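A.B. asks: First, the structure itself, so that you have it in front of you.
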Amino acid sequence: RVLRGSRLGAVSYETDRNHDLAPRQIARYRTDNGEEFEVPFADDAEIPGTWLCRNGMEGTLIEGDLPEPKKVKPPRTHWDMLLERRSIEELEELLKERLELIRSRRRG
Amino acid sequence: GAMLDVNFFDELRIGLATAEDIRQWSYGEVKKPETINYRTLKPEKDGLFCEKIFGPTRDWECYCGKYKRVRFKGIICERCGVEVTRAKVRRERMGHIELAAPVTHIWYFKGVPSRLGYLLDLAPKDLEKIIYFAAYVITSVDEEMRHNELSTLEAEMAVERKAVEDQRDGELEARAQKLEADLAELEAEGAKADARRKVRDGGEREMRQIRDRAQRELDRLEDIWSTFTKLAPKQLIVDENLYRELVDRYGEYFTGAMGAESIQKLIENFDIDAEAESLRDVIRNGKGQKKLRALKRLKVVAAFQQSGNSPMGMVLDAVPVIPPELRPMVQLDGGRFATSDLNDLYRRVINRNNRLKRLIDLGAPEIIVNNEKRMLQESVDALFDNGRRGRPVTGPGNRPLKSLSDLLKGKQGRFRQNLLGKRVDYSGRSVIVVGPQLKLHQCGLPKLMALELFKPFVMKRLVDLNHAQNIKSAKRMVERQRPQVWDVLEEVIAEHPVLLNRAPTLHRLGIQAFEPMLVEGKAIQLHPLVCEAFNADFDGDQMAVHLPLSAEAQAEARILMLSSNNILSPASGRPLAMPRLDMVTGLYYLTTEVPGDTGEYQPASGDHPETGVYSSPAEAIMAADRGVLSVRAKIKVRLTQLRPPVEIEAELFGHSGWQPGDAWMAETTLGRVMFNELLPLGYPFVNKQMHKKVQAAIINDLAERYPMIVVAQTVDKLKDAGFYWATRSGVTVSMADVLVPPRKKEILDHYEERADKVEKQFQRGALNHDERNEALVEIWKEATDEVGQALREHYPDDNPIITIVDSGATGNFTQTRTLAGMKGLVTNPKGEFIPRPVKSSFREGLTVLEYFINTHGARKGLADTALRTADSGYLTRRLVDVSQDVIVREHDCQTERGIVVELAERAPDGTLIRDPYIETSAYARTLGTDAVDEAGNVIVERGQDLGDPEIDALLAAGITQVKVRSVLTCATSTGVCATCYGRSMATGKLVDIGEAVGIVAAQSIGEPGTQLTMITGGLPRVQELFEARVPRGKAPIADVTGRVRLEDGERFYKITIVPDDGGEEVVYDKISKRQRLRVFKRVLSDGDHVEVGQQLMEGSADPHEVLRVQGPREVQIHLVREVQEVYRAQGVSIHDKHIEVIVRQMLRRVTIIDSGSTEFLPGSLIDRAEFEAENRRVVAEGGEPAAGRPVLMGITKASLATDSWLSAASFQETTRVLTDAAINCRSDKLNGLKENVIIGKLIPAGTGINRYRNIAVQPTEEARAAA
Amino acid sequence: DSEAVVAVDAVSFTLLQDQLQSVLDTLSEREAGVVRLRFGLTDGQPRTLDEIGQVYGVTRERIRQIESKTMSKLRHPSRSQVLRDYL
DNA sequence: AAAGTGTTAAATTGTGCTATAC
DNA sequence: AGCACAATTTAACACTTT
DNA sequence: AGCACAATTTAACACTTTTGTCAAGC
DNA sequence: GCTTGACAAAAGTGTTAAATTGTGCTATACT
Ligand SMILES: [Mg+2]
Ligand SMILES: [Zn+2]
Ligand SMILES: [Zn+2]
């Protein structure tokens, strides 16, 4: 038996060309550690503000649009997991308690 | 320089990759441990198969599908990020992973020797403790603050010490008051004695406990301060509590860390020039073990200092990712998936990296983070080279996973599996049968194999003829085997040669080109004369057929590798297409002479005439067609078309003894006339009984004097007449032909009586076990040889069993002695002799016990044959690899150096008898000097081929020594010259200017190694000589002339040579009693004169001592003689020029004594030409010549220490060659013929050099003129 | 490897392209252009009937009857016999 | 006389190799 | 498994404090 | 395991626009 | 050669419900 297999994809038979190709424009993004990346795009294409560059980190466009911080939060930052189960009056009457233990233990 | 790497290769440079280079190759960072979707079977984003980073899965389509045609190319889809381009750039773009903590490369830490250990002067057992998180390392210390605040720090330390002592004396005063209270209140009243003794004892016990607990903590506080006062970088703190005490207290005076970031910090503060100057000065001033160590460190420090390298590439910060088409995920039918075993290691690396990146941001204690970093280090080490440090990572089934290092090593590595030998298109194979009607250049081919082999040629030709409409109907017509294509296959097959090959391909004659001819059936019909060259027998062997396509390959098959252009062997020069087993006995039955046969030459004149004469051979043939004449009867024919011998033609014609039509009478047989009609027209009449040696002489003379197309037709005619007379010879085997000797019984009875007397003396008690073993062995050896003589003298001379042996057809006599007669002694499994022995023969049949005894040796021989043919291929491989750059470069270098040849020593009076081995050392050479007899003249001038008449003229002139030009003294830069090499043994003329003579020289030694059975004597002796090892039977040689004092002593020996000059004596102490002394001139003992390099014991002198004592011109004699002795003991003729080509590649280097001042480390092995170049330049800019002595080194050590880094990695130790080629930044130039084989270029030997492949060909004008 | 280039198919596709141009050259000037733009033999991207009618100045029904006559002319045995072997 | 202390040899571990085609 | 080989330890040494 | 809930991707349907086809006609 | 009217299928397009995927949480004690 023979057991043919294929990595999933295709092979097309257009003979290659190199003269008429729809026209392209180049954008340029700038990442956080001062790197510059040139990306080609079609002319009928809305050039986005942020691009995941070759460096591995996101880079904004070179213009001054400033599109969105999008109001993304922390998540749970402990505290929040402390404040959701225990209230402020129970902590303030505890912390000061612990604070007084700093006063009594220091002198005996 | 050329990333596309299309046909412009000047160099190929290796080097360490810095982290700025890894994120420059890469097309993006893979940040998820995902391969592919489970439903949609499409590659996920930011994973190990992501389109965005590695490329499109389909040709010219993006991921989302907005752009799907070639009109958009080079652009990037703005919604999915995938550049639309071809789709086979997925096997070439890389990718990288950013490590959240650094990781040392495993090749530069776990090598031998460890390069990180040499570069930092740290032990490997300490390096493994540092980088795998087991011991903190101090990486810096402020010497100024620790210097000046030392007094205040020890003053504060005395405060804490006295606080410990104060609490000690407080508890001691408490114990004193407590024991006073005990001895007061218990003894205030009347009490027992012994309980008061116990009370006073327990008080002393608690006082001792107090002062000793205080003593222990005082020693701890002393130890931490003694550790702080000796602080220095590259230290270790294995305690793991003492370091926290040094961090919370005196923690501002130093820095310490763990792992690869600390190794990176040590590499940062590493001044290479200080270590380089110190390592230069240690080997210049000091000595001992300290000097011998510092050379090893100076090697790697000078490697990082000289080039533009930097050691910061040894610790990693980004890991490259191989493109996903080299580790594919293939969907087998049935919906099954197969991954390529590199994906699991990449997944584990990016998994533990993501978990470290999460644990650091979350905030974690030090133990979890250190455990995560150690797991990350072990994951990257498992990726780069699995199973090196610790136990290997296994998958399901407890098999180790295949890492990146396991793709390159081994006999499976990319290197010896897919780069040096490939599978080819346009080829087939089949079984072989014998083809005794073919010519020498033809071979039959099965028509099915030739139809499938030649498929595009017939698919073109049956469209050039109107048999099919196009190429598709032509393909269908061929695959359906329609009856028109067999008329087209004979058209497209004519004059199109094919290469035939039979594995194993021992010498270069195992691949030969033939022209084909269509033969019905399914077996390849081989010619019955090339079977000696292939070593093929027709009991089921298979051969492979290859088809050369281009015009250059067809020309090479028609001119270079044709079967009838290669008659002789390149190893010895003997004809390899000589007749053999059946043809030899056919010509032996033809050309023999039987006295008293039918129709002999009678003459009994006086009453009737002679009646033995014939007018012509035609009348003799007409007589033999009646019953009157036998073919082997002596007659007197009158030949008018055969040239007479020189003795008869000299007295008959003399001035012009031509024979196209002049008559002469010859007293011969008829059979010798019918033999000599096969030989050429100008060849003299032979009139001898054709042995095999006579036919070897005849074909050798035809190859010397007659052109190459005459020898092939003559050999074909000889095979035809040989088969036709072997079938009439009447050679059959029956049991009535196996004559037993008629007095075997009395011989065996007499030697049995002698053996019975020996056994009676042993049973009485006279001689011991081994002595009676040896006596029985001697008695039965004499019995064996005596029954052999009786059998030899009993047989008639025309027996069918003895004619096959005596004609040299096949076999030898000893097997016949085992057929009728006596088997003899049979070996043990141990190797000793069974003292029984086997007294039966294979015609009388053996008994049960004799057969069971015989099976021991009969199976040991088969196992030894398998292991020996396993061992010989390794030796052939090493010999090819050490000597591939010895090719012929120019015509003449015009040197005047040369070796001398022994060449027929005197006698006792005695004029001059020949040396036995002249045809292997003095034939096919060139003269360095003009030969001169006793004031004479120049008898044989300089530069002649030293053939047969020149050798006979030198022997007639009375000169017994000749200085001969050779390849050991050739004076070209790269390779040898043509006149220094001599005559090529295969062609018979001078060697051409592109012959790769090193490979021919390696194959000539590697081929007959299977017939070498066996201080050692067989193939381990050749393996010991060519590896230049020290032998186990090492025999001492003298260092100087003088007198030898031989002394016995404490049961081994003592030999002290005292010179005649004099000077310091030489003393050799311990020579074991098994090694007997050595005869030349009585025998050596004491009271003896010694020569310079005289051998003192028997055994084997090591070549290093004879190189050191007697120089290179004697070590060449020793190596050539000790190899050729092993090859002569088994009857194998290899000419000495091949062994000299091998031996020249050993002595190419010198070792350095004193460096002078030119970049040469002491103890390094440098080439002799580069050494003399750097000693040529040194007379300018300050004269200090580097001093070095010549060295002799084996073929593995020299083959590994070569310039080319790509040719040495493909041979042995690929990891440790690839890892110190990269440190030195060693470049390649592609000049040998092992790297041009790898990269796909033309090799620089043969038709690949410039002067042969830059030929311009144009028609002469007269012809362009006449057209 | 099933996604590889079969060497006796990539030659046949080239000879099919050459035979296609050799058959299309025996037609007229406009009908060959109508077919080559309708099936995208020159550029690779096919066109609609309005796309050819824009460049030839007629409606979709004029282009469609030109194509329906050309496809009947190509089903002639002199134009079908040399192409029937490629399917 | 003990007690280290560094320098110099036999034991001690690890690395690499082991024919060819179906 | 073994055969070779080179790197890395116990121990065997005189030399210098204690 | 098992469940609950938000975020995201898919598929399904309604409705509009394009692209194609038939008969008539100068 | 060529255009107009009319009709019907095919293709985009928007919205909306479902299915699918991602993530947090479960409190006798357990080392
Ligand atoms: Mg055989
Ligand atoms: Zn897309
Ligand atoms: Zn020369």
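Every chain in the structure tokens has a letter given in the order shown (A, B, ...), and although residue numbers restart at 1 in each chain, ligands are simply numbered from 1 in the order shown.
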Using only C-alpha atoms, find the residues of chain A whose closest atom to chain C is at most 6 Å away, then write them as a PyMOL selection string.

C.D. replies: chain A and resi 4-6

A.B. asks: Find the residues near ligand 1. Use a cut-off of 12 Å, count only C-alpha atoms (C1' of nucleotides) and all ligand atoms, and write them as a PDB file with N, CA, C and O atoms, in the first residue's frame.

C.D. replies:
ATOM      1  N   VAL B 431      17.020  -8.928 -11.538  1.00  0.00           N
ATOM      2  CA  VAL B 431      17.944 -10.047 -11.391  1.00  0.00           C
ATOM      3  C   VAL B 431      18.790 -10.181 -12.655  1.00  0.00           C
ATOM      4  O   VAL B 431      18.440  -9.672 -13.724  1.00  0.00           O
ATOM      5  N   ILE B 432      19.940 -10.837 -12.533  1.00  0.00           N
ATOM      6  CA  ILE B 432      20.846 -10.969 -13.667  1.00  0.00           C
ATOM      7  C   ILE B 432      21.034 -12.436 -14.018  1.00  0.00           C
ATOM      8  O   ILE B 432      21.089 -13.301 -13.138  1.00  0.00           O
ATOM      9  N   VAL B 433      21.086 -12.718 -15.322  1.00  0.00           N
ATOM     10  CA  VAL B 433      21.403 -14.032 -15.860  1.00  0.00           C
ATOM     11  C   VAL B 433      22.507 -13.850 -16.891  1.00  0.00           C
ATOM     12  O   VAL B 433      22.813 -12.738 -17.311  1.00  0.00           O
ATOM     13  N   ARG B 502      26.291  -2.713  -9.304  1.00  0.00           N
ATOM     14  CA  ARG B 502      25.977  -3.816  -8.403  1.00  0.00           C
ATOM     15  C   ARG B 502      26.507  -3.512  -7.015  1.00  0.00           C
ATOM     16  O   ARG B 502      27.715  -3.348  -6.837  1.00  0.00           O
ATOM     17  N   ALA B 503      25.616  -3.472  -6.035  1.00  0.00           N
ATOM     18  CA  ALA B 503      26.056  -3.168  -4.682  1.00  0.00           C
ATOM     19  C   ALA B 503      26.601  -4.426  -4.012  1.00  0.00           C
ATOM     20  O   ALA B 503      26.004  -5.496  -4.139  1.00  0.00           O
ATOM     21  N   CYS B 531      31.906 -10.192 -15.258  1.00  0.00           N
ATOM     22  CA  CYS B 531      31.528 -10.703 -13.945  1.00  0.00           C
ATOM     23  C   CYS B 531      32.687 -10.722 -12.964  1.00  0.00           C
ATOM     24  O   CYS B 531      32.454 -10.773 -11.756  1.00  0.00           O
ATOM     25  N   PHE B 534      32.519  -6.903 -11.601  1.00  0.00           N
ATOM     26  CA  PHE B 534      31.421  -6.684 -10.674  1.00  0.00           C
ATOM     27  C   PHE B 534      31.476  -7.594  -9.463  1.00  0.00           C
ATOM     28  O   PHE B 534      30.803  -7.290  -8.474  1.00  0.00           O
ATOM     29  N   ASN B 535      32.253  -8.682  -9.528  1.00  0.00           N
ATOM     30  CA  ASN B 535      32.206  -9.796  -8.573  1.00  0.00           C
ATOM     31  C   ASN B 535      30.784 -10.336  -8.458  1.00  0.00           C
ATOM     32  O   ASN B 535      30.254 -10.547  -7.369  1.00  0.00           O
ATOM     33  N   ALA B 536      30.147 -10.529  -9.605  1.00  0.00           N
ATOM     34  CA  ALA B 536      28.790 -11.041  -9.652  1.00  0.00           C
ATOM     35  C   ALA B 536      28.795 -12.525  -9.961  1.00  0.00           C
ATOM     36  O   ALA B 536      29.539 -12.990 -10.826  1.00  0.00           O
ATOM     37  N   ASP B 537      27.968 -13.265  -9.243  1.00  0.00           N
ATOM     38  CA  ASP B 537      27.671 -14.650  -9.554  1.00  0.00           C
ATOM     39  C   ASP B 537      26.188 -14.744  -9.859  1.00  0.00           C
ATOM     40  O   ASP B 537      25.397 -13.910  -9.419  1.00  0.00           O
ATOM     41  N   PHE B 538      25.806 -15.762 -10.617  1.00  0.00           N
ATOM     42  CA  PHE B 538      24.449 -15.831 -11.147  1.00  0.00           C
ATOM     43  C   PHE B 538      23.548 -16.712 -10.304  1.00  0.00           C
ATOM     44  O   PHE B 538      22.721 -17.443 -10.836  1.00  0.00           O
ATOM     45  N   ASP B 539      23.694 -16.682  -8.981  1.00  0.00           N
ATOM     46  CA  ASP B 539      22.813 -17.420  -8.088  1.00  0.00           C
ATOM     47  C   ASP B 539      21.755 -16.534  -7.442  1.00  0.00           C
ATOM     48  O   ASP B 539      21.335 -16.796  -6.313  1.00  0.00           O
ATOM     49  N   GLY B 540      21.328 -15.480  -8.126  1.00  0.00           N
ATOM     50  CA  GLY B 540      20.245 -14.657  -7.627  1.00  0.00           C
ATOM     51  C   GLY B 540      20.615 -13.225  -7.318  1.00  0.00           C
ATOM     52  O   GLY B 540      19.918 -12.560  -6.552  1.00  0.00           O
ATOM     53  N   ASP B 541      21.701 -12.735  -7.899  1.00  0.00           N
ATOM     54  CA  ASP B 541      22.133 -11.372  -7.647  1.00  0.00           C
ATOM     55  C   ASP B 541      21.310 -10.398  -8.470  1.00  0.00           C
ATOM     56  O   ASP B 541      20.803 -10.733  -9.539  1.00  0.00           O
ATOM     57  N   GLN B 542      21.189  -9.176  -7.971  1.00  0.00           N
ATOM     58  CA  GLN B 542      20.422  -8.144  -8.644  1.00  0.00           C
ATOM     59  C   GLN B 542      21.317  -6.958  -8.947  1.00  0.00           C
ATOM     60  O   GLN B 542      22.267  -6.674  -8.217  1.00  0.00           O
ATOM     61  N   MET B 543      21.021  -6.280 -10.042  1.00  0.00           N
ATOM     62  CA  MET B 543      21.797  -5.134 -10.468  1.00  0.00           C
ATOM     63  C   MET B 543      20.862  -3.999 -10.832  1.00  0.00           C
ATOM     64  O   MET B 543      19.718  -4.218 -11.245  1.00  0.00           O
TER      65      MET B 543
END

A.B. asks: Write out as a PyMOL selection string which residues come within 10 Å of segment 61-70 of chain C when counting only C-alpha atoms (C1' of nucleotides), dropping same-chain ones fewer than 6 positions away.

C.D. replies: (chain C and resi 27-28+30-32+34-35+38+48-53) or (chain F and resi 20-21) or (chain G and resi 1-3)

A.B. asks: Choose the residue, out of B:639, B:951, B:1071, B:30, that has the smallest atom-to-atom separation from chain A; count only C-alpha atoms.

C.D. replies: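 That would be B:30, the residue with the smallest distance to chain A.
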
A.B. asks: Between C:86, C:57, C:79, C:47, which is the closest to chain G once you count only C-alpha atoms (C1' of nucleotides)?

C.D. replies: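 Smallest separation from chain G among the options: C:57.
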
A.B. asks: Kindly work out which residues sit at most 6 Å from ligand 3, using only C-alpha atoms (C1' of nucleotides) and all ligand atoms, and give the list as a PyMOL selection string.

C.D. replies: chain B and resi 892-893+970-971+976-977+979-980

A.B. asks: Those same residues, written as a PDB file, in the first residue's frame with N, CA and C atoms?

C.D. replies:
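Output file part_3.pdb follows:
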ATOM      1  N   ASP B 892      54.387  18.627 -15.017  1.00  0.00           N
ATOM      2  CA  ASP B 892      55.689  18.354 -14.427  1.00  0.00           C
ATOM      3  C   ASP B 892      56.062  19.509 -13.515  1.00  0.00           C
ATOM      4  N   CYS B 893      56.405  19.199 -12.269  1.00  0.00           N
ATOM      5  CA  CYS B 893      56.859  20.218 -11.333  1.00  0.00           C
ATOM      6  C   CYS B 893      58.363  20.409 -11.355  1.00  0.00           C
ATOM      7  N   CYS B 970      56.876  15.079  -4.431  1.00  0.00           N
ATOM      8  CA  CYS B 970      56.372  15.997  -5.440  1.00  0.00           C
ATOM      9  C   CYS B 970      56.308  17.412  -4.886  1.00  0.00           C
ATOM     10  N   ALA B 971      56.484  18.389  -5.773  1.00  0.00           N
ATOM     11  CA  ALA B 971      56.743  19.760  -5.363  1.00  0.00           C
ATOM     12  C   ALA B 971      55.640  20.732  -5.749  1.00  0.00           C
ATOM     13  N   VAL B 976      49.225  16.531  -6.860  1.00  0.00           N
ATOM     14  CA  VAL B 976      50.475  16.006  -7.372  1.00  0.00           C
ATOM     15  C   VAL B 976      50.608  16.404  -8.836  1.00  0.00           C
ATOM     16  N   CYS B 977      51.762  16.106  -9.413  1.00  0.00           N
ATOM     17  CA  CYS B 977      52.004  16.357 -10.823  1.00  0.00           C
ATOM     18  C   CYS B 977      51.924  15.052 -11.601  1.00  0.00           C
ATOM     19  N   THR B 979      54.104  13.705 -14.036  1.00  0.00           N
ATOM     20  CA  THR B 979      55.320  12.907 -14.120  1.00  0.00           C
ATOM     21  C   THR B 979      55.794  12.402 -12.769  1.00  0.00           C
ATOM     22  N   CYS B 980      55.416  13.058 -11.672  1.00  0.00           N
ATOM     23  CA  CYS B 980      55.743  12.523 -10.357  1.00  0.00           C
ATOM     24  C   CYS B 980      54.891  11.310 -10.021  1.00  0.00           C
TER      25      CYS B 980
END

A.B. asks: Which residues come within 8 Å of segment 9-25 of chain G, counting only C-alpha atoms (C1' of nucleotides), excluding same-chain residues fewer than 5 positions away, as a PDB file with N, CA, C and O atoms (P, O5', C5', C4', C3', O3' and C1' of nucleotides), in the first residue's frame?

C.D. replies:
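Result saved to around_15.pdb:
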ATOM      1  P    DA F   7     -19.254  40.966  27.413  1.00  0.00           P
ATOM      2  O5'  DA F   7     -18.055  40.397  26.526  1.00  0.00           O
ATOM      3  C5'  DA F   7     -17.666  39.034  26.664  1.00  0.00           C
ATOM      4  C4'  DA F   7     -16.866  38.575  25.467  1.00  0.00           C
ATOM      5  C3'  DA F   7     -16.985  39.465  24.253  1.00  0.00           C
ATOM      6  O3'  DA F   7     -15.815  39.338  23.476  1.00  0.00           O
ATOM      7  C1'  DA F   7     -18.050  37.394  23.818  1.00  0.00           C
ATOM      8  P    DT F   8     -15.617  40.197  22.136  1.00  0.00           P
ATOM      9  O5'  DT F   8     -15.681  39.084  20.995  1.00  0.00           O
ATOM     10  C5'  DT F   8     -14.974  37.871  21.185  1.00  0.00           C
ATOM     11  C4'  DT F   8     -15.524  36.766  20.307  1.00  0.00           C
ATOM     12  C3'  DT F   8     -15.718  37.136  18.838  1.00  0.00           C
ATOM     13  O3'  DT F   8     -14.823  36.378  18.054  1.00  0.00           O
ATOM     14  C1'  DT F   8     -17.523  35.838  19.691  1.00  0.00           C
ATOM     15  P    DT F   9     -14.650  36.686  16.490  1.00  0.00           P
ATOM     16  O5'  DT F   9     -15.438  35.488  15.789  1.00  0.00           O
ATOM     17  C5'  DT F   9     -15.098  34.154  16.111  1.00  0.00           C
ATOM     18  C4'  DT F   9     -16.121  33.180  15.565  1.00  0.00           C
ATOM     19  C3'  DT F   9     -16.393  33.292  14.069  1.00  0.00           C
ATOM     20  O3'  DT F   9     -16.370  32.005  13.507  1.00  0.00           O
ATOM     21  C1'  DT F   9     -18.418  33.364  15.266  1.00  0.00           C
ATOM     22  P    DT F  10     -16.604  31.801  11.937  1.00  0.00           P
ATOM     23  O5'  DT F  10     -18.114  31.300  11.848  1.00  0.00           O
ATOM     24  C5'  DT F  10     -18.457  30.013  12.333  1.00  0.00           C
ATOM     25  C4'  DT F  10     -19.955  29.778  12.264  1.00  0.00           C
ATOM     26  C3'  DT F  10     -20.559  29.754  10.859  1.00  0.00           C
ATOM     27  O3'  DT F  10     -21.586  28.780  10.826  1.00  0.00           O
ATOM     28  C1'  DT F  10     -21.706  31.280  12.145  1.00  0.00           C
ATOM     29  P    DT F  17     -31.557  48.535  -4.372  1.00  0.00           P
ATOM     30  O5'  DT F  17     -30.540  47.918  -5.442  1.00  0.00           O
ATOM     31  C5'  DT F  17     -29.183  47.691  -5.076  1.00  0.00           C
ATOM     32  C4'  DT F  17     -28.549  46.619  -5.944  1.00  0.00           C
ATOM     33  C3'  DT F  17     -28.518  46.925  -7.443  1.00  0.00           C
ATOM     34  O3'  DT F  17     -27.178  47.139  -7.850  1.00  0.00           O
ATOM     35  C1'  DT F  17     -29.095  44.652  -6.987  1.00  0.00           C
ATOM     36  P    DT F  18     -26.812  47.335  -9.401  1.00  0.00           P
ATOM     37  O5'  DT F  18     -26.308  45.890  -9.844  1.00  0.00           O
ATOM     38  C5'  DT F  18     -25.381  45.193  -9.029  1.00  0.00           C
ATOM     39  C4'  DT F  18     -25.097  43.811  -9.585  1.00  0.00           C
ATOM     40  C3'  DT F  18     -24.652  43.774 -11.044  1.00  0.00           C
ATOM     41  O3'  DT F  18     -23.595  42.850 -11.186  1.00  0.00           O
ATOM     42  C1'  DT F  18     -26.533  42.392 -10.751  1.00  0.00           C
ATOM     43  P    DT F  19     -22.631  42.913 -12.465  1.00  0.00           P
ATOM     44  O5'  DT F  19     -22.965  41.564 -13.242  1.00  0.00           O
ATOM     45  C5'  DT F  19     -23.153  40.365 -12.515  1.00  0.00           C
ATOM     46  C4'  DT F  19     -23.975  39.384 -13.320  1.00  0.00           C
ATOM     47  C3'  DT F  19     -23.717  39.412 -14.830  1.00  0.00           C
ATOM     48  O3'  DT F  19     -23.209  38.154 -15.255  1.00  0.00           O
ATOM     49  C1'  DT F  19     -26.041  39.323 -14.330  1.00  0.00           C
TER      50       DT F  19
END

A.B. asks: Residues of chain E were defined as contacting chain B if any atom lay at most 10 Å from it, counting only C-alpha atoms (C1' of nucleotides); please report them as a list in words.

C.D. replies: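 The answer, sorted by residue number, is residues 4, 6, 7 and 8 of chain E.
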
A.B. asks: With N, CA and C atoms (P, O5', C5', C4', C3', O3' and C1' of nucleotides) retained, export the selected residues as a PDB file, in the first residue's frame.

C.D. replies:
ATOM      1  P    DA E   4      41.868  -0.855  21.372  1.00  0.00           P
ATOM      2  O5'  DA E   4      41.667   0.717  21.205  1.00  0.00           O
ATOM      3  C5'  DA E   4      41.202   1.237  19.975  1.00  0.00           C
ATOM      4  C4'  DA E   4      41.119   2.755  20.001  1.00  0.00           C
ATOM      5  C3'  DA E   4      42.195   3.474  20.799  1.00  0.00           C
ATOM      6  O3'  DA E   4      42.552   4.633  20.092  1.00  0.00           O
ATOM      7  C1'  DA E   4      40.071   4.076  21.629  1.00  0.00           C
ATOM      8  P    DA E   6      43.742  11.465  22.351  1.00  0.00           P
ATOM      9  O5'  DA E   6      43.129  12.751  23.071  1.00  0.00           O
ATOM     10  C5'  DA E   6      41.818  13.181  22.734  1.00  0.00           C
ATOM     11  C4'  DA E   6      41.030  13.561  23.974  1.00  0.00           C
ATOM     12  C3'  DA E   6      41.779  14.440  24.971  1.00  0.00           C
ATOM     13  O3'  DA E   6      40.948  15.506  25.366  1.00  0.00           O
ATOM     14  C1'  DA E   6      40.894  12.544  26.068  1.00  0.00           C
ATOM     15  P    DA E   7      41.550  16.751  26.176  1.00  0.00           P
ATOM     16  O5'  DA E   7      40.584  16.861  27.436  1.00  0.00           O
ATOM     17  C5'  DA E   7      39.187  16.911  27.236  1.00  0.00           C
ATOM     18  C4'  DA E   7      38.439  16.541  28.499  1.00  0.00           C
ATOM     19  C3'  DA E   7      38.831  17.330  29.741  1.00  0.00           C
ATOM     20  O3'  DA E   7      37.671  17.680  30.463  1.00  0.00           O
ATOM     21  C1'  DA E   7      39.073  15.020  30.157  1.00  0.00           C
ATOM     22  P    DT E   8      37.771  18.683  31.712  1.00  0.00           P
ATOM     23  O5'  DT E   8      37.655  17.722  32.986  1.00  0.00           O
ATOM     24  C5'  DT E   8      36.461  16.987  33.208  1.00  0.00           C
ATOM     25  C4'  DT E   8      36.631  15.993  34.344  1.00  0.00           C
ATOM     26  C3'  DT E   8      37.110  16.589  35.670  1.00  0.00           C
ATOM     27  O3'  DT E   8      36.365  16.022  36.740  1.00  0.00           O
ATOM     28  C1'  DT E   8      38.497  14.803  35.056  1.00  0.00           C
TER      29       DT E   8
END

A.B. asks: For ligand 2, list the contacting residues at 8 Å or closer, counting only C-alpha atoms (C1' of nucleotides) and all ligand atoms, as a ChimeraX atom specification.

C.D. replies: /B:61-67,77-82

A.B. asks: List every residue of chain A that DSSP, applied to the backbone of this structure, places in helix (DSSP H, G or I), and write the result as a list in words.

C.D. replies: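 Secondary structure check on chain A, helix (DSSP H, G or I): residues 79, 80, 81, 82, 83, 88, 89, 90, 91, 92, 93, 94, 95, 96, 97, 98, 99, 100, 101, 102, 103, 104, 105, 106 and 107 of chain A.
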
A.B. asks: Neighbouring residues of residue 4 of chain G were defined as those with any atom within 12 Å, considering only C-alpha atoms (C1' of nucleotides); residues of the same chain fewer than 4 positions away were excluded. Please report them as a PyMOL selection string.

C.D. replies: (chain C and resi 59-62) or (chain F and resi 23-26)

A.B. asks: By how many Å are atom CA of residue 89 of chain A and atom CA of residue 107 of chain A apart?

C.D. replies: 28.3 Å

A.B. asks: Identify every residue of chain C that has at least one atom within 9 Å of any atom of chain B, counting only C-alpha atoms, and report the result as a PyMOL selection string.

C.D. replies: chain C and resi 8-9+11-12+15+43-45+82+85-86
